[PDB]
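Student: Encoded as structure tokens, here's the structure I'll be asking about.
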Amino acid sequence: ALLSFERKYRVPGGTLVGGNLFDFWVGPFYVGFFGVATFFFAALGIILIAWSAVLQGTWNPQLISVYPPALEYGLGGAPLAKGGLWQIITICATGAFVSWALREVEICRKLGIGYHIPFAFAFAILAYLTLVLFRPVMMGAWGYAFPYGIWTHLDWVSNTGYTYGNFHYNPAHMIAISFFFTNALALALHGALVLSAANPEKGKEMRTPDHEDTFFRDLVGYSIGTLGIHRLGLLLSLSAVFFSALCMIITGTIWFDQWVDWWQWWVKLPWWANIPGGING
Amino acid sequence: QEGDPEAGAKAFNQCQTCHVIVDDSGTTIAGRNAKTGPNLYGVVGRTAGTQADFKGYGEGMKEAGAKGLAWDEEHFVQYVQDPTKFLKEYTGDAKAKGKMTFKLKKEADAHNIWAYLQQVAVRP
Amino acid sequence: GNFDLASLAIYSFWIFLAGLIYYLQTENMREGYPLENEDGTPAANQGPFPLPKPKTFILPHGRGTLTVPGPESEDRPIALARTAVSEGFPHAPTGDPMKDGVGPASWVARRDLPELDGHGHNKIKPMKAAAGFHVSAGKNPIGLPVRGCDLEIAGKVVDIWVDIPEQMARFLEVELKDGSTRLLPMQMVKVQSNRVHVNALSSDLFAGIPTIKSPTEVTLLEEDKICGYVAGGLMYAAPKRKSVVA
Amino acid sequence: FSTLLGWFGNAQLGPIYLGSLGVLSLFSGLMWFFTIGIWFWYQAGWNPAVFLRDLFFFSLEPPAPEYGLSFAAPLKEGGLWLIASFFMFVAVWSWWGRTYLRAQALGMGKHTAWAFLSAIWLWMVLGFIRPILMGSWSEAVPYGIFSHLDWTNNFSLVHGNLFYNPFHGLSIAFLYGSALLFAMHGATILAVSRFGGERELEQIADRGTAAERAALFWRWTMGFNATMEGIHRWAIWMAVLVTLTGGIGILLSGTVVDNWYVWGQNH
Ligand code: BCL
Ligand code: BCL
Ligand code: BCL
Ligand SMILES: CC[C@H]1c2cc3[nH]c4c(c3C)C(=O)[C@H](C(=O)OC)c4c3nc(cc4[nH]c(cc(n2)[C@@H]1C)c(C(C)=O)c4C)[C@@H](C)[C@@H]3CCC(=O)OC/C=C(\C)CCC[C@@H](C)CCC[C@@H](C)CCCC(C)C
Ligand code: HEM
Ligand SMILES: CCCCCCCCCCCC[N+](C)(C)[O-]
Ligand SMILES: CCCCCCCCCCCC[N+](C)(C)[O-]
Ligand SMILES: [Cl-]
Ligand SMILES: [Fe+2]
């Protein structure tokens, strides 16, 4: 159950806790102290969700929704059947995520590779925690987070959005999206370039990293190189998620009116706010 | 004629992403428990921006009702084609604002919905 | 009689996706498969996905071909022994892992030749042999000493190897105490205003570092030999790593 | 003759050849930019001050629904829109063609041409196919910063909350995936760059310790893994699948499905 070159790598060590105690594998997966942890949280949350499935009265994975503690509840607790569960689950989740990340750290150590991977992943977690912790905490209530339901979480987005008109107008929201689209483009382009250099016209030698840079340049006008393209994807992707957390952390905490009104500042500048004509005059 | 209700009903659907129709009993005549906008039950003949439950009326909507607006076919149709504009003209204020981020393009659609409104959302 | 176009489309699409998934996966089985046991013999339980049909890569510069998937190359004794008779357990080094090249200090039996750029010239050259490459990057590392995680010095920077194509420094030639010199992976050394810190290797393991036959060019095989050794130090040169690392 | 094509073929902007199409591309491009631009100024009242303050408010709207699909619409009410679009059309397709030929010229695979093709499918659907199938250019996207964002919102509301569109979701799934995947591959590569990993093509033809550690990192983390090559076969599909599925979903809107919420409750 190993790769024809996995061997020489499966040496002992690299852990962060427990030492050689949990330092082993279960088939393809590596366990480590945080492997059992991730499994713990994972399973606990899985259960609690199913419990909520029963309390709710259905096993259809398209109806099962775990709603948080009603607004009134504030930041205190709540009955298991009335938000309590959502809270604990949201605990197992945070945990399972942070575990899943630390487990990566042990694997990065054993292989003598970089730490960029979990480092990035952390961003997803901040983003998450932003929606289910920070934002609600700043706004003063758990009820402000989103439900854990396949479709019931989309409605949350819908509603939460129209709660401020056409969310589009959110400056931060604009940037993020911008990053999301560019990343997609960037990722597409990247793959395409390598595959096209590795799989050239029938009967030709693979292309050279130079044919690669001469092509990419003839599209953008600049040469960013290999180390550069990857450092840009990681950059583009992380940014998007970052400008997203920012995008929300301000919505309802410092901004309350419809995002479209925010742009008035630009229009209302003294030197032109009162000039007749145009659209806003 | 001049407003097919059964046609307006299908139309109103798209309104359901923000509106809902519920009588004073608490029963749904149309809607998905959407609260982004006000309950349209009784909108007919009602004064603009006076629905007791809705707490998100814009300044234009409130001020336009206080000036004497009570939704009748004529004005209703002008509203769903471009709220903000409508609210500006009728309000007389060039800096008025509407919160209904939606525009019903077909003028016919409006007349059909209004009919549906007359058939299902008129508080006796 | 008619059909719901949308739902037919959504349905079709899924059939498609699965197929793509299968395609992708199998395609990603040219390197590493078939799977062997901790023993060295086939696992027989390769999985649901089958190996793909062989394809041949015509390498440039006349380096030859490459047909994948194909016979497993890996030819070099693995200085590691089981730790238990139960599958799924580590394999501890018999001798010196850093030297025997295992775990975090492993290397691959890559072609024994230097990487060539688009024209056919080496990709990496010692700057003091480059075609007009100056040190405008900022701080000149040439000259300054080179110490290990033990804080003891082990030599000085003699020259910077540059990646002519991508135009970026990739190696640091540091002369040792016995006249000879060694190569260091830039990423594994921090350049300070007064010295070079190699938190990866100990001031004594600066010799174990593999050498490059040609004193003006390093072949791919040699890079794997080096880097792997250096990076592996992190894990194995920990007993001699002086705390308070920055 | 060929002499002229040979002249053009060498068009450049420094160390890069612009090719024949490349000229038609850029030229047609500026004409597009020029078309929208002129209009904006007309709407600004030729006053630079007003232009700069309402720059995101200007919108070159498409013809009215009454004008159907004819090009009879007067300039200040639909004409400029068509003209602009006409340029953006030639602009884009030229560029696609350039990307293709330039790959053939270097003797490479036509992947980039294909990838780009998926993005064009979405563009193509929004401003051309769907309007034609719907029967009018009024169903088209207007040129303007704020204006097209307004479009989008309305488009959704009109068709019963796109969220409930399977193809909208499928798409979004891939949009997120793309971030995720590139976020991974990017970090991963960097993580093994010390082993000269960024040099993927050479790792493709001559596996290095880098292409092993990576493959091993994930195999231990998630149970499976890619190959220095294949990962990119993921990267490409992962991305192209955004506009693809994407395109489809928009095309089905209005033409086949009226309200996605409802269509969702029945399925
Ligand atoms: C009508 C609705 C509004 C609107 C309302 C909102 C609201 C409300 C929000 C957004 C948010 C977002 N919007 Mg919006 N949005 C609108 C229209 C758009 C349009 C468009 C074409 O018009 C676009 C492109 C976007 C784009 C976006 C994204 C930039 C952003 C999502 C953050 C993210 O991806 O985190 C991705 C990553 C995470 C969320 C991390 C969590 C993942 C965890 C860490 C890992 C999961 C592990 C898992 C459980 C294990 C699985 C099981 C195993 C497989 C076995 N919106 C309209 C106008 N939008 C969100 C935002 O800003 O978020 C910060 C947000 O809250
Ligand atoms: C800020 C952005 C919003 C948001 C906005 C949207 C929108 C808009 C859409 C989704 C959609 C989806 N969302 Mg969401 N979503 C948010 C946060 C989450 C979180 C989380 C822990 O934070 C999770 C697990 C999900 C999960 C999902 C998937 C079920 C679905 C499509 C997969 C996808 O896009 O994968 C990207 C990642 C991958 C492809 C990698 C593999 C990940 C797998 C696919 C995730 C498994 C999720 C699983 C079913 C639930 C696990 C439960 C545990 C087993 C107990 N969302 C936040 C609140 N989400 C789409 C849908 O169809 O909704 C109905 C959709 O259109
Ligand atoms: C209220 C609004 C609705 C909504 C309505 C719509 C509509 C309507 C659409 C989407 C579409 C999309 N939505 Mg949505 N969407 C909503 C909420 C969301 C949320 C969220 C968390 O809330 C998310 C994550 C998304 C995500 C997405 C993306 C998956 C998808 C766009 C792909 C793309 O960017 O292609 C970007 C790439 C292109 C458009 C390619 C075309 C580019 C051409 C080829 C090149 C132009 C060159 C040019 C001339 C140069 C100009 C330079 C610029 C000026 C800078 N939506 C809400 C519920 N959404 C789109 C979709 O499904 O598309 C298929 C779509 O049509
Ligand atoms: C810059 C941020 C981007 C990013 C990066 C990223 N994601 C990552 C990584 C990185 C760098 C990993 O290394 C890690 C990975 O291993 O790759 C597959 C991962 C990963 N990203 C994942 C998902 C994911 N990433 C997403 C987004 C993003 N990831 C961003 C775009 C999304 C979204 C919202 O689009 C999703 C769904 C996982 C597949 C994987 C991490 C696996 C993991 O954490 O497992 C932990 C444990 C379980 C399997 C059990 C969870 C059970 C319960 C504890 C919780 C569930 C309840 C509730 C919280 C969810 C309910 C969902 C409802 C909303 C429907
Ligand atoms: C669907 C085509 C639709 C109709 C019809 C409609 C009507 C409508 C009326 C008559 C009012 C005024 C009510 C009163 O004075 O009591 C009104 C107000 C708001 N609407 Fe609406 N509306 C329709 C659709 C939508 C949609 C899709 C949304 C959300 C994007 C929406 C929102 C709102 C809001 C908000 C208001 C209050 C506005 C204010 O106070 O300025 N409507 N709508
Ligand atoms: C000088 C003004 C520049 C304005 C450029 C406006 C870009 C808005 C593009 C969105 C419209 C897209 N399209 C093709 C679908 O119509
Ligand atoms: C090529 C990468 C594989 C990506 C697999 C992603 C599956 C996500 C599916 C989301 C479910 C969407 N929906 C609405 C159609 O059910
Ligand atoms: Cl191919
Ligand atoms: Fe790559």
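Backbone-built Cβ (ideal geometry, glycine too); neighbour counts: all protein chains shown. FYI, it's all coordinate maths here, none of it is from the lab.
Student: Which of C:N45, C:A169, C:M235 sits closest to the plus end of the dipole of chain C, meaning its Cα is farthest towards the positive end, when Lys and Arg get +1 and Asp and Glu get -1 on the C-beta?
Tutor: C:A169
Student: Which value in Å does the Kirkwood hydrodynamic radius of segment A:1-163 take, with 1/r averaged over all unlike C-alpha pairs and then inverted?
Tutor: By the Kirkwood definition, the hydrodynamic radius is 17.8 Å.
Student: Related question: Would you mind counting up the charge near B:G60? Only other residues with Cβ under 12 Å from its Cβ, with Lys and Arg at +1 and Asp and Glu at -1.
Tutor: Working: positive: B:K62, B:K67, B:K85, B:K88, B:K95, B:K97, B:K99; negative: B:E59, B:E63, B:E89, B:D93.
After counting each charged neighbour, the total is +3.
Student: For chain D, what D do you get in µm² per second when you plug the Kirkwood radius from alpha-carbon pairs into Stokes-Einstein at 10 °C and 1.306 mPa s?
Tutor: Values: Rh = 22.0 Å.
Rounded, D is 72 µm²/s.
Student: Continuing with this model, one more query. DSSP loop trypsin sites (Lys or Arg not before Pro) in segment C:164-234 with at most 13 other Cβ atoms within 10 Å of their Cβ, which ones? Each step should come with its number before you reach the end.
Tutor: On the way: sites: C:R170, C:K177, C:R182, C:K190, C:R195, C:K213, C:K225; in loops: C:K177, C:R195, C:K213.
Here the sparse-neighbourhood loop sites are C:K177, C:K213.
Student: For segment B:30-96 and segment A:42-117, what is the separation of their Cα centres, given in Å?
Tutor: Result: 42 Å between the Cα centres.
Student: Right, another one. Per-residue ellipticity at 222 nm for chain A, helices alone: DSSP H runs ≥ 4 residues times -39500 (n - 2.57), over residue total, nearest 500 deg cm²/dmol?
Tutor: Helices in chain A give a 222 nm mean residue ellipticity of -18000 deg cm²/dmol.
Student: So, by mean Cβ neighbours within 10 angstrom, what's the order for C:230-243, A:103-116, D:187-200 with the highest one leading?
Tutor: D:187-200, A:103-116, C:230-243
Student: Between C:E175 and C:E72, what is 0.36 nm times their sequence separation minus the Cα-Cα distance? Round to one decimal in nm.
Tutor: 33.3 nm
Student: Compute the distance in nm between two label points, each set 7 Å from the Cα along the Cα-to-Cβ direction, one at D:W7 and one at C:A84.
Tutor: Rounded to a tenth, the inter-label distance reads 8.0 nm.
Student: Hey, another quick one. For chain B, what does -39500 (n - 2.57) per DSSP helix run (n ≥ 4), summed and divided by total residues, give at 222 nm, in deg cm²/dmol to the nearest 500?
Tutor: Only helices count here, giving -10500 deg cm²/dmol.
Student: Using unit Cβ charges (K, R positive; D, E negative) and no other charged atoms, how large, in debye to the nearest 20, is the dipole of segment D:155-238 about its Cα centre?
Tutor: Dipole about the Cα centre, nearest 20: 180 debye.
Student: Further question on the same structure: How far, in degrees from 0 to 90, does helix C:5-27 lean away from the longest principal axis of the Cα atoms of chain C, to the nearest 10?
Tutor: Once rounded, the angle reads 50 degrees.
Student: Counting pairwise Cα distances across the protein assembly as shown, what percent come out greater than 47 angstrom?
Tutor: That fraction is 37 percent.
Student: Hey, what angle do you get for helix D:230-255 against the long axis of chain D, alpha-carbon based, 0 to 90 degrees rounded to 10?
Tutor: Orientation of helix D:230-255: about 20 degrees from the principal axis.
Student: List the pairs from B:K55/B:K88; C:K125/C:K242; A:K110/A:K202; C:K55/C:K125; C:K128/C:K242; C:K125/C:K240 whose alpha-carbon separation is above 30 Å, in the order I gave them. Write down the numbers at each step before the final one.
Tutor: On the way: B:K55/B:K88 21 Å; C:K125/C:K242 34 Å; A:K110/A:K202 41 Å; C:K55/C:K125 33 Å; C:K128/C:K242 34 Å; C:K125/C:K240 33 Å.
Checking Cα-Cα distances, C:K125/C:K242; A:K110/A:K202; C:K55/C:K125; C:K128/C:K242; C:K125/C:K240 exceed 30 Å.
Student: DSSP H helices in chain A with Cα extent of 15 Å or more along the helix axis and mean Kyte-Doolittle hydropathy at least 1.6?
Tutor: Both cut-offs are met by A:32-56, A:116-129, A:226-249.
Student: Any idea what Rg and Dmax come out to for segment C:5-109 if you just take the C-alpha atoms, in Å?
Tutor: Looking at segment C:5-109, its Cα Rg and Dmax stand at 20.0, 67 Å.
Student: What does the convex hull of the Cα atoms come to per residue for segment B:1-80, in Å³?
Tutor: Values: hull volume 8.4 nm³, N = 80.
Enclosed volume per residue, from the Cα hull, is 105 Å³.
Student: Quick check: net charge around B:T17, other residues with Cβ under 15 Å of its Cβ, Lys/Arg +1 and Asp/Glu -1?
Tutor: Cβ neighbours under 15 Å give a net charge of +3.
Student: In percent, what relative contact order does segment A:164-263 have, based on Cα pairs under 8 Å that are 6 or more apart in sequence? It would help to have the intermediate numbers written out before the result.
Tutor: Details: 74 pairs, mean separation 53.3, N = 100.
Computed over segment A:164-263, the figure is 53 percent.
Student: Take A:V132, B:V22 and order them by how many other Cβ atoms sit within 10 Å, fewest up front.
Tutor: Fewest-to-most Cβ neighbours within 10 Å comes out as B:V22, A:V132.
Student: Here's something else I'd like to know. What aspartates and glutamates sit close enough to B:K67 to cross-link, taking a C-alpha to C-alpha distance under 18 Å and skipping anything fewer than 8 places away on the same chain?
Tutor: B:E59, B:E89, B:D93
Student: What does the charge count near C:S203 come to, summing +1 for each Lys or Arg and -1 for each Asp or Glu among other residues with Cβ under 12 Å from its Cβ?
Tutor: Here the charged neighbours net out to +2.
Student: Gap in Å between the Cα centre of segment D:147-200 and the Cα centre of segment C:16-40?
Tutor: Measuring centre to centre over Cα atoms gives 25 Å.
Student: Follow-up question, since we're still on this one. With no solvent and one point per C-alpha, what does the Debye sum give as log10 I(q)/I(0) for chain C at q = 0.10 Å⁻¹?
Tutor: Result of the Debye calculation: -0.69.
Student: C:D4 label point, 7 Å along Cα→Cβ, cut-off 17 Å on backbone N: hits in segment D:234-267?
Tutor: D:249, D:252-267
Student: Just how large is the dipole of segment C:5-109 about the Cα centre, in debye to the nearest 20, putting +1 at every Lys and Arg Cβ and -1 at every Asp and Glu Cβ?
Tutor: 420 debye
Student: A follow-up question, please. For segment D:57-188, what's the relative contact order in percent, using C-alpha pairs closer than 8 Å and at least 6 residues apart?
Tutor: In percent, rounded to a whole number, it is 33.
Student: Starting from the Kirkwood radius over alpha-carbon pairs of chain A, derive D by Stokes-Einstein at 37 °C in a medium of 0.692 mPa s and give it in µm² s⁻¹.
Tutor: Estimated diffusion coefficient is 142 µm²/s.
Student: In addition: Calculate the dipole size of the protein assembly as shown relative to its Cα centre from +1 charges on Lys and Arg beta carbons and -1 charges on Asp and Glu beta carbons; express the result in debye to the nearest 20.
Tutor: Numbers: 67 positive and 71 negative charges, 339 e Å.
With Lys and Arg at +1 and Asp and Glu at -1, about 1620 debye.
Student: Just need the relative contact order of chain A here, percent rounded to a whole number, with Cα pairs under 8 Å and 6+ apart.
Tutor: Once normalised by length, the contact order is 18 percent.
Student: Answer with one residue from C:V218, C:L184, C:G143: the one whose Cα lies farthest towards the positive end of the charge dipole of segment C:110-241, charges on Cβ with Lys, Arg +1 and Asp, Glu -1.
Tutor: C:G143
Student: Please name whichever of D:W234, D:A173, D:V257 sits farthest to the positive end of the charge dipole of segment D:139-267, dipole taken about the Cα centre and charges placed at Cβ: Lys and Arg +1, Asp and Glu -1.
Tutor: Towards the positive end, the residue furthest out is D:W234.
Student: Which angle between 0 and 90 degrees, to the nearest 10, do you get for helix B:107-120 versus the longest principal axis of chain B when only C-alpha atoms count?
Tutor: 60 degrees
Student: Also, quick follow-up: Grab the beta carbon distance between C:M168 and A:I47, set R0 = 45 Å, and tell me the FRET efficiency rounded to 0.05.
Tutor: Values: r = 52 Å, r/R0 = 1.15.
Efficiency, rounded to the nearest 0.05: 0.30.
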